[PDB]
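A.B. asks: Chains as they are written, first to last, in the deposited numbering: chain B, 183 to 235, 248 to 379; chain A, 173 to 318, 324 to 379; chain C, 183 to 235, 247 to 379; chain D, 173 to 318, 324 to 379.
Ideal Cβ positions, reconstructed from N, Cα and C, are used throughout, including at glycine.
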Amino acid sequence: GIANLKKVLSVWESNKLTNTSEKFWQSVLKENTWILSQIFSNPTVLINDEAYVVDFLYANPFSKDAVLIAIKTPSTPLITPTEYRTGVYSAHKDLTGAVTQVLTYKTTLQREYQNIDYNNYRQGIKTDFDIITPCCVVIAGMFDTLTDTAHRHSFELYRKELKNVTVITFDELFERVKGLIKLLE
Amino acid sequence: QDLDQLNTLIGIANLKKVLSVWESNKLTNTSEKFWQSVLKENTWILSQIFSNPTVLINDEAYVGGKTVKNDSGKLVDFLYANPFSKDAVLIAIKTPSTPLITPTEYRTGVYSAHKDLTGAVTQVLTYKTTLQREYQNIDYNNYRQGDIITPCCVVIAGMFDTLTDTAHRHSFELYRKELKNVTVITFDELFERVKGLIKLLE
Amino acid sequence: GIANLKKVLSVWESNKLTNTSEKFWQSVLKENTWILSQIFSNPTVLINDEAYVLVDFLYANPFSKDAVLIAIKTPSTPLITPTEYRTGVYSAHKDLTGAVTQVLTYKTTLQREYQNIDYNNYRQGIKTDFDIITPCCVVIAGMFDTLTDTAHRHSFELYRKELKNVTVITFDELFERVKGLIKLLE
Amino acid sequence: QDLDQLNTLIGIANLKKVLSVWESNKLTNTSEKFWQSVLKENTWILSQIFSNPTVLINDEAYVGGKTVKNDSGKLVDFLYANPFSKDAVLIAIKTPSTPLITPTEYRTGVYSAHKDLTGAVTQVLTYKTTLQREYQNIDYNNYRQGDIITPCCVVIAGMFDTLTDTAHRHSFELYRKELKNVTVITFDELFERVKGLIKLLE
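1) At which residues does the alpha helix (DSSP H) containing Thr-226 of chain A begin and terminate?
2) Cβ of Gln-308 of chain B less than 8 Å from any chain C Cβ?
3) Looking at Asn-358 of chain B: is its Cβ nearer than 8 Å to the Cβ of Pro-328 of chain B?
4) Three-state secondary structure (DSSP) at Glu-232 of chain D?
5) Quick one: which residues of the region 204–217 of chain D get their C-beta closer than 9 Å to a C-beta of chain C? List them in chain order.
6) Residue range of the alpha helix (DSSP H) that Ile-375 of chain C falls in?
7) Let me know if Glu-213 of chain C comes out buried or exposed under the rule of 16 or more other beta-carbons within 10 Å of its beta-carbon.
8) Which residue marks the beginning of the alpha helix (DSSP H) containing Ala-292 of chain D, and which one marks its end?
9) Going by C-alpha to C-alpha distance, which of B:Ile-326, B:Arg-316, B:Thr-321, B:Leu-297 sits closest to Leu-303 of chain C?
10) Can you pull the chain B neighbours of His-347 of chain A, defined as C-beta to C-beta under 8 Å?
11) Using C-beta distances below 7 Å, list every residue in its chain close to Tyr-234 of chain C, excluding the 5 sequence neighbours before and after it, in chain order.
12) Start and end of the beta strand (DSSP E) containing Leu-262 of chain B?
13) For the region 284–299 of chain D, which residues have a CB atom closer than 7 Å to at least one CB atom of chain B, in sequence order?
14) Would you identify the three-state DSSP class for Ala-253 of chain A, choosing helix, strand or coil?
15) Looking only at its chain, what residues have a beta carbon closer than 6 Å to the beta carbon of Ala-344 of chain B, apart from the 5 residues adjacent to it on each side?
16) Does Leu-247 of chain D come out as helix, strand or coil in the three-state DSSP assignment?
17) Quick one: what's got a C-beta closer than 7 Å to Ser-348 of chain B's C-beta in the same chain, skipping five residues either side?
18) Please name the residue in B:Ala-253, B:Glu-379, B:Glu-232, B:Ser-269 whose C-alpha comes closest to that of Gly-318 of chain B.
19) By alpha-carbon positions, which one of C:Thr-267, C:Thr-202, C:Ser-223 ends up nearest to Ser-223 of chain D?
20) Quick one: list the residues of chain C neighbouring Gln-304 of chain B, beta-carbon separation under 7 Å, in chain order.
21) As a quick exercise: from A:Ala-253, A:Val-240, A:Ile-229, pick the residue whose alpha carbon is nearest that of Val-261 of chain A.
22) How would you write the range of the beta strand (DSSP E) that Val-240 of chain A sits in, first residue to last?
23) Give the single residue among D:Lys-246, D:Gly-335, D:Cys-330, D:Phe-256 whose Cα lies nearest to the Cα of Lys-287 of chain D.
24) Check whether the Cβ atoms of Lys-188 of chain C and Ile-375 of chain C sit closer than 8 Å, and answer yes or no.
25) With a cut-off of 8 Å, does the C-beta of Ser-269 of chain D fall near any C-beta of chain C?
26) Could you check whether the Cβ of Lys-357 of chain B sits closer than 8 Å to any Cβ belonging to chain C?
27) Less than 8 Å between the C-beta atoms of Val-248 of chain D and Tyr-307 of chain D, yes or no?
28) Take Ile-217 of chain C and list the residues in its own chain whose beta-carbon comes closer than 6 Å to its own, dropping the five residues that flank it on each side.
29) Establish whether the CB of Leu-247 of chain C and some CB of chain A are separated by less than 8 Å.
30) Looking at C-alpha atoms only, which residue of D:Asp-243, D:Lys-205, D:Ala-285, D:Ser-219 is the closest neighbour of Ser-257 of chain D?
31) Assign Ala-185 of chain B to one of two classes, buried (16 or more other C-beta atoms within 10 Å of its C-beta) or exposed (fewer than that).
32) Would you say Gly-237 of chain A faces chain C, with C-beta separation under 8 Å as the test?
33) Assuming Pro-225 of chain C and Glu-369 of chain D are in contact, meaning their beta carbons sit under 8 Å apart, how far apart are those beta carbons, in whole angstroms?
34) My understanding is that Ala-292 of chain C touches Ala-264 of chain C, with C-beta atoms under 8 Å, so please give their C-beta distance in whole angstroms.
35) Based on the DSSP output, what are the partners of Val-359 of chain C in its beta bridges?
36) Rounded to whole angstroms, what's the CA-CA distance from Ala-285 of chain D to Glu-204 of chain D? Just pull it up for me.
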């Protein structure tokens with residue numbers, strides 16, 4: 183119950199600034215599928231990797259629409275160390291490259307959907323995800339690393355101009371988990 | 173930790189009653205006022221679903237599922253008073269028997285959004301603009317004597338049961354996934370996540 | 183030159199309130215490919231219908258090969274519903290909303306069947322200069338002049354700014370660029 | 173008739189003059205000021221390319237390719253004075269040698285945007301916010317004594338000649354097409370449409 187929710191936070195806090203392996207955070211969200219389900223207002227269910235043979251695929255159980263989620267490490271920089279202009283900071287190449295990569299996978303997944311769908315038919319797997327819209331999510335970095343107001347302003351501009359990619363930092367992801375505790379109390 | 177178990181039961185008990193009314197009058201009772209009242213009393217559910225501590229329903233504001241009483245009676249006055257609620261979610265609750273797509277076909281395999289559904293999306297944006305100007309008007313007066326809210330908009334109308342076709346569901350998704358600042362979630366989708374919360378708590 | 187530009191407006195000014203056939207407006211834009219190329223700041227070139235096979250045009254950037262799908266309706270296509278949802282609130286007409294859904298559906302199909310389309314061009318010997326990299330769509334329908342009341346314009350502006358990947362452009366706005374080009378030169 | 177032919181020749185002569193400058197030192201001159209000066213004396217070209225009669229380069233405003241003489245020296249003053257010029261396109265002109273993507277690969281087939289390119293995109297957005305803030309500042313003062326400009330942003334930098342692979346071109350497109358209020362057009366793309374205008378006229 184709620185003790186399970188607190189356990190997730192304890193795991194999150196313990197490796198908040200130490201773990202730098204994408205595989206570990208892959209497991210944590212895979213073990214607790216409800217964590218990523220809180221991002222989307224519409225209901226979502228996890229899709230097994232075999233169905234579409248460090249990303250996750252969540253699909254709406256009603257419309258079968260699928261959303262692709264890419265998970266990086268919390269230590270991923272959000273902005274460049276130096277500043278392009280006084281008070282203007284460029285988004286780090288790690289963040290910009292991550293956004294591009296998830297779009298490429300979404301393009302590839304839709305372009306090869308017929309091959310994947312037919313393979314599931316042969317193997318008996320029931321395909322429950324339909325690529326209707328190019329919605330992607332990139333979970334990376336921590337918002338707390340942005341100290342200066344210029345840093346927060348520069349990063350906020352980057353994450354507001356994106357059309358179909360929602361960049362969510364790790365701390366914001368677990369704030370929904372932590373926020374659930376407060377609402378229950 | 174014992175109270176945490178008590179909180180778990182209290183949270184589940186509230187969720188069961190919300191599903192109880194939904195699974196009892198989702199077909200007969202179709203008045204907008206009734207469904208607004210039900211979701212008002214269970215605002216804490218909406219806070220988690222839309223990932224926003226502060227929500228705006230009708231002419232009232234609820235923070236963390238708590239009714240924030242405002243003596244002035246103006247939603248804008250509360251929003252200006254508290255800078256925290258500058259990213260609140262505006263929710264318009266319609267009847268669950270609201271058509272989502274036109275019964276006929278615009279083309280082969282394409283269904284256009286129904287009048288009622290796209291009317292609500294226009295209405296909430298109109299309501300959002302009015303709140304923005306009233307907030308701006310107060311800011312001008314305070315400056316005269318001596324920002325912009327930009328709240329999120331969410332429309333809750335219709336059920337996914339009426340979409341009894343792949344074309345019906347695909348057309349609806351292409352509509353609601355194209356809006357920038359409006360999220361359309363059906364009543365069936367709304368209460369199915371309520372079931373998910375029960376499963377997570379249990 | 184300029185005389186050519188004024189000739190195009192003569193056709194537009196003559197058929198904007200008379201011609202209600204979708205095929206005719208396809209012919210006009212197909213004859214003058216430069217008209218639709220003025221919508222996009224980046225260079226674009228029209229792709230023949232044989233290459234990638247409702248009126249639909251396909252323009253591709255000559256450099257990055259990115260393709261854009263444009264759907265053309267009639268100028269007589271309503272933009273908003275005749276009645277009002279609420280007092281001062283008008284809904285977008287089903288013709289406009291349905292047109293947006295259809296162009297997105299065709300864009301989805303075009304990307305999904307790209308491998309077959311690319312392979313067919315290889316067999317037929319045709320080159321494939323278009324690539325579906327981004328889901329960008331354009332819908333051309335109706336005229337902005339038909340929105341007389343300030344509520345009508347506000348209701349339509351809310352809808353068109355709300356869209357993510359579809360840019361609804363009325364006919365008069367499209368041909369205003371043609372008229373705008375004349376004034377800049379003159 | 174006679175006037176049209178004279179205007180057609182003037183337009184073609186102007187367009188060919190710009191191409192002569194572009195094709196004479198696109199590989200030698202890297203001064204950002206130089207390319208700002210060249211592209212601001214031919215603003216009528218930019219008006220048609222970006223489909224906007226009003227163009228804002230640096231702190232100077234151009235309407236229909238004509239230099240507006242604002243004696244105040246503040247760009248916002250002109251914008252507030254003239255309600256017509258509210259959707260003006262803000263254009264930032266960089267050197268054509270500006271890199272577009274990182275020379276190394278982020279992954280297998282994925283390239284991230286270069287620091288200079290993404291730095292300019294943030295800079296114009298910062299410039300846009302300052303103009304919006306100053307526009308309100310004037311508007312607030314007028315109210316005390318007795324809306325929102327929300328313009329567009331365009332960045333012109335780099336050449337497509339650097340992108341010598343399919344992966345490079347796909348990566349660049351996935352970046353600029355994802356932006357909402359910023360349009361990125363390379364110098365090679367900018368003058369390609371200049372050639373297209375000549376073909377249309379001639």
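C.D. replies: Reading it off the structure:
1) Segment 226–229 is the beta strand (DSSP E) holding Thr-226 of chain A; no alpha helix (DSSP H) there.
2) yes
3) yes
4) strand
5) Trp-216, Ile-217
6) 364–378
7) exposed
8) 287–317
9) B:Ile-326
10) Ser-257, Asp-324, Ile-326
11) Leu-251, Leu-303, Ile-310, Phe-323
12) 260–265
13) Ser-284, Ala-285, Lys-287, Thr-290, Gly-291, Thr-294, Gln-295, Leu-297, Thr-298
14) helix
15) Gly-281
16) helix
17) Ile-273, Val-282, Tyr-283
18) B:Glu-232
19) C:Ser-223
20) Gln-304, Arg-305
21) A:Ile-229
22) Element bounds for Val-240 of chain A: n/a, residue is neither H nor E.
23) D:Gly-335
24) yes
25) no
26) yes
27) yes
28) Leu-211
29) yes
30) D:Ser-219
31) exposed
32) no
33) 4 Å
34) 6 Å
35) C:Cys-330
36) 20 Å
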